[PDB]
Amino acid sequence: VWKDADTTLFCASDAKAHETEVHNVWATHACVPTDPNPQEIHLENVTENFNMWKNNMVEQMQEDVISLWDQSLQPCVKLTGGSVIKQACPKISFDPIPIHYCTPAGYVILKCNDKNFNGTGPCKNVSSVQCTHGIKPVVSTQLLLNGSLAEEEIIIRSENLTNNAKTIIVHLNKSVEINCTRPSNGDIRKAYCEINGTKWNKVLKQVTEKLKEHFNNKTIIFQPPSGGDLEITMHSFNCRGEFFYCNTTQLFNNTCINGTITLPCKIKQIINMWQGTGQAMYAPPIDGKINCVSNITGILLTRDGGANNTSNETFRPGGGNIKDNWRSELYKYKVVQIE
Ligand SMILES: N=C(N)N[C@H]1Cc2ccccc2[C@@H]1NC(=O)C(=O)Nc1ccc(Cl)c(F)c1
Ligand SMILES: *[C@@H]1O[C@H](CO)[C@@H](O)[C@H](O)[C@H]1NC(C)=O
Ligand SMILES: *[C@@H]1O[C@H](CO)[C@@H](O)[C@H](O)[C@H]1NC(C)=O
Ligand SMILES: *[C@@H]1O[C@H](CO)[C@@H](O)[C@H](O)[C@H]1NC(C)=O
Ligand SMILES: *[C@@H]1O[C@H](CO)[C@@H](O)[C@H](O)[C@H]1NC(C)=O
Ligand SMILES: *[C@@H]1O[C@H](CO)[C@@H](O)[C@H](O)[C@H]1NC(C)=O
Ligand SMILES: *[C@@H]1O[C@H](CO)[C@@H](O)[C@H](O)[C@H]1NC(C)=O
Ligand SMILES: *[C@@H]1O[C@H](CO)[C@@H](O)[C@H](O)[C@H]1NC(C)=O
Ligand SMILES: *[C@@H]1O[C@H](CO)[C@@H](O)[C@H](O)[C@H]1NC(C)=O
Ligand SMILES: *[C@@H]1O[C@H](CO)[C@@H](O)[C@H](O)[C@H]1NC(C)=O
Ligand SMILES: *[C@@H]1O[C@H](CO)[C@@H](O)[C@H](O)[C@H]1NC(C)=O
Ligand SMILES: *[C@@H]1O[C@H](CO)[C@@H](O)[C@H](O)[C@H]1NC(C)=O
């Protein structure tokens with residue numbers, strides 16, 4: 001028997017000690033080796049409640065990634081709280097690796113295996129494990145990249161769907177590749193992402209159909225972000241250490257609800273830090289072909305308020321609270337203390 005509890009987790013990974021890549025280096029010093037023979041016990045006739053929106057595992061993962069980025073990605077200039085901090089900003093090797101979150105003695109992680117579990121409420125198929133799956137700490141806005149897919153139907157997750165101020169996590173059940181490149185040989189900050197339009201519009205149509213199930217069959221309309229920092233109004237992510245900002249206007253096209261969709265992107269040196277601490281300025285992009293091919297596995301949306309009088313609901317890509325990114329991966333886990 002057990003009870004819900006918070007405690008300090010540890011991390012495990014297959015990081016390489018000879019690698020200079022920054023996630024590898026961090027994990028080599030902050031994590032332990034993985035278990036080659038992990039035990040997972042199905043709990044017969046046990047129903048457990050989960051709440052992904054109140055899960056201290058998320059805060060702990062956030063603390064880790066902040067620590068990793070603070071040690072590994074210091075900028076040439078940092079503008080924070082009115083002060084100016086200057087330091088060396090060498091180019092790095094950057095490519096996220098899976099990190100497992102694990103409980104210490106006397107604790108265990110319960111895992112919800114209900115395929116269509118929305119993240120809050122009872123779960124009928126529960127197992128216990130010592131560690132989560134390997135979660136890559138991919139920082140992005142608008143689109144969730146390289147995450148885990150929903151096993152059955154597309155899932156809409158929100159702390160409170162009725163409250164337009166709460167971000168919606170759309171959990172996709174089928175990956176759509178996004179292929180971003182800053183071509184080798186001109187404007188060195190100019191880039192672009194390519195997406196199969198036939199595949200993407202198929203998925204967006206399905207997302208629309210799911211949203212209709214939640215919003216009483218009202219007409220579902222997508223619109224560009226209405227304002228805010230560039231990190232939010234654009235799909236931002238890090239590719240090989242460089243900060244990409246991509247215009248997603250073409251991705252959320254109501255008309256298509258079949259060719260190649262090419263989003264215009266730019267590598268930015270000056271950034272609003274997701275840690276919420278201010279601005280960071282980095283050096284110009286490395287030479288050559290900068291390329292990242294990722295799976296879109298989720299979408300972060302915000303719904304327009306005040307459309308209750310209408311027959312429409314309007315959605316705009318969003319994000320910016322990176323805790324939501326971790327939430328999208330940790331939603332099926334909770335820590336309990338064994339009594
Ligand atoms: N901007 C704030 N004042 N505060 C932060 C913190 C915060 C908290 C809740 C909601 C929004 C925000 C803002 N978001 C961002 O700035 C941000 O996501 N940046 C960013 C940078 C780089 C990469 Cl690769 C990236 F994906 C993202
Ligand atoms: C319970 O979840 C486990 C792990 O996904 C799965 O193997 C098993 O088939 C599930 N049981 C049912 C009845 O769905
Ligand atoms: C998730 O499921 C719970 C319990 O079944 C329900 O109260 C809640 O409205 C659901 N939320 C969403 C976003 O479907
Ligand atoms: C991309 O998603 C596919 C499934 O569509 C998966 O086979 C592959 O491992 C994923 N690559 C990642 C997560 O880097
Ligand atoms: C993805 O989920 C949708 C419902 O949201 C469903 O119609 C579709 O069959 C699913 N696709 C796969 C590959 O299971
Ligand atoms: C969800 O949001 C709606 C709209 O703001 C609000 O009326 C309701 O109280 C919220 N529910 C909870 C449980 O906070
Ligand atoms: C990614 O896009 C580039 C074009 O910029 C192309 O040369 C490359 O083959 C693409 N990669 C994949 C895996 O589609
Ligand atoms: C709701 O929308 C669906 C499309 O998924 C449609 O088949 C159905 O007729 C609609 N239901 C009502 C009651 O309007
Ligand atoms: C995205 O591209 C569209 C179409 O060119 C443009 O109107 C819009 O201003 C762009 N968004 C931003 C924030 O640059
Ligand atoms: C929406 O897609 C259609 C495809 O024919 C295109 O003509 C239109 O310009 C698109 N609108 C955008 C990208 O905002
Ligand atoms: C998109 O995928 C389809 C198969 O579903 C394929 O026929 C087509 O060539 C692809 N188009 C692009 C633009 O990648
Ligand atoms: C997603 O994973 C692929 C394959 O490991 C990697 O090449 C790509 O850069 C990743 N995307 C991001 C944004 O980390």
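Every residue, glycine as well, gets a Cβ built from its backbone with ideal geometry; the counts of neighbours run over all protein chains shown. We did not get these values from a lab; they are worked out from the coordinates using the rules stated.
Would you please name the residue that is farthest from residue 119 (Cα to Cα), looking only at residues in segment 29-57 that are of a type in the set (S, T, N, Q) and out of contact with any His (no Cβ under 9 Å at 6 or more places or on another chain)?
Narrowing segment 29-57 to residues of a type in the set (S, T, N, Q): 34, 37, 39, 45, 47, 49, 51, 55-56.
With out of contact with any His (no Cβ under 9 Å at 6 or more places or on another chain) added as a condition, the list becomes 37, 39, 45, 47, 49, 51, 55-56.
Numbers: 37: 28, 39: 24, 45: 20, 47: 14, 49: 9, 51: 6, 55: 11, 56: 14 Å.
Restricting to residues being of a type in the set (S, T, N, Q) and out of contact with any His (no Cβ under 9 Å at 6 or more places or on another chain), the top hit is 37.
Among the residues of segment 101-140, which ones are under 30 Å from residue 243 (Cα atoms) and among the basic types (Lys, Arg)?
Quick first cut of segment 101-140, residues under 30 Å from residue 243 (Cα atoms) only: 101, 132-140.
136, the sole residue that qualifies.
Taking interchain pairs and intrachain pairs at least six residues apart, which have beta carbon atoms under 7 angstrom, with the first residue in segment 308-335 and within 18 Å of residue 54 (Cα to Cα) and the second of a type in the set (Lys, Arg) and crowded, with 20+ Cβ neighbours inside 10 Å?
Listed by first residue and then by second, the contacts come to 331/157; 332/111; 333/111.
Considering each of 144, 172 in turn, give the residue that is within 14 Å of ligand 5 (Cβ to nearest atom) and either part of a strand (DSSP E or B) or in contact with a helix residue (DSSP H, G or I) (Cβ under 6 Å, 6 or more places away or on another chain) (or both). Before the answer, list the steps.
Numbers: 144 fails: within 14 Å of ligand 5 (Cβ to nearest atom).
Result: 172 is the single residue among 144, 172 that is within 14 Å of ligand 5 (Cβ to nearest atom) and either part of a strand (DSSP E or B) or in contact with a helix residue (DSSP H, G or I) (Cβ under 6 Å, 6 or more places away or on another chain) (or both).
What number of residues within segment 205-235 are of a type in the set (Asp, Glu) and out of contact with any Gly (no Cβ under 8 Å at 6 or more places or on another chain)?
As a first pass, look at segment 205-235 and keep what is of a type in the set (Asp, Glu): 209, 213, 229, 231.
Checking which are out of contact with any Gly (no Cβ under 8 Å at 6 or more places or on another chain) leaves us with 209, 213.
Residues in segment 205-235 being of a type in the set (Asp, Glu) and out of contact with any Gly (no Cβ under 8 Å at 6 or more places or on another chain): 2 in total.
Could you tell me whether any residue of segment 108-119 is in contact with a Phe, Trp or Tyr (Cβ under 7 Å, 6 or more places away or on another chain), away from ligand 7 (no atom under 16 Å from the Cβ), of a type in the set (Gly, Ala, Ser) and under 21 Å from residue 336 (Cα atoms)?
yes
Do the conditions hold for residue 173, that is, is it of a type outside the set (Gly, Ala, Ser), within 30 Å of residue 224 (Cβ to Cβ), within 16 Å of ligand 2 (Cβ to nearest atom) and under 19 Å from the mean Cα position of the chain (by Cα)? I'd like the intermediate steps shown before the answer.
Values: of a type outside the set (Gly, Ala, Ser): yes; within 30 Å of residue 224 (Cβ to Cβ): yes; within 16 Å of ligand 2 (Cβ to nearest atom): yes; under 19 Å from the mean Cα position of the chain (by Cα): yes.
Yes.
Within segment 193-206, restricting attention to residues that are within 16 Å of ligand 4 (Cβ to nearest atom) and part of a helix (DSSP H, G or I), which residue is nearest to residue 245 (Cα to Cα)? Show your work before the answer.
Residues of segment 193-206 that are within 16 Å of ligand 4 (Cβ to nearest atom), as a first pass: 193-196, 198-200, 202-203, 206.
Okay, now just the ones that are also part of a helix (DSSP H, G or I), so 198-200, 202-203, 206.
Numbers: 198: 23, 199: 22, 200: 19, 202: 24, 203: 23, 206: 26 Å.
My answer is 200.
Within segment 169-192, how many residues are within 15 Å of ligand 11 (Cβ to nearest atom), within 15 Å of residue 245 (Cα to Cα) and basic (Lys, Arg)? Steps first, please.
Within segment 169-192, the subset within 15 Å of ligand 11 (Cβ to nearest atom) is 174-181, 192.
Filter again for within 15 Å of residue 245 (Cα to Cα), leaving 178-181, 192.
So of that shortlist, the ones also basic (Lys, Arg) come out as none.
Going through segment 169-192 one residue at a time, the tally reaches 0.
List the pairs whose first member sits in segment 161-186 and is under 16 Å from residue 328 (Cβ atoms), whose second member is acidic (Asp, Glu) and away from ligand 1 (no atom under 16 Å from the Cβ), and whose Cβ atoms are under 8 Å apart, counting only residues at least 6 apart or on separate chains?
Final answer for the pair search is 173/151; 173/152; 173/153.
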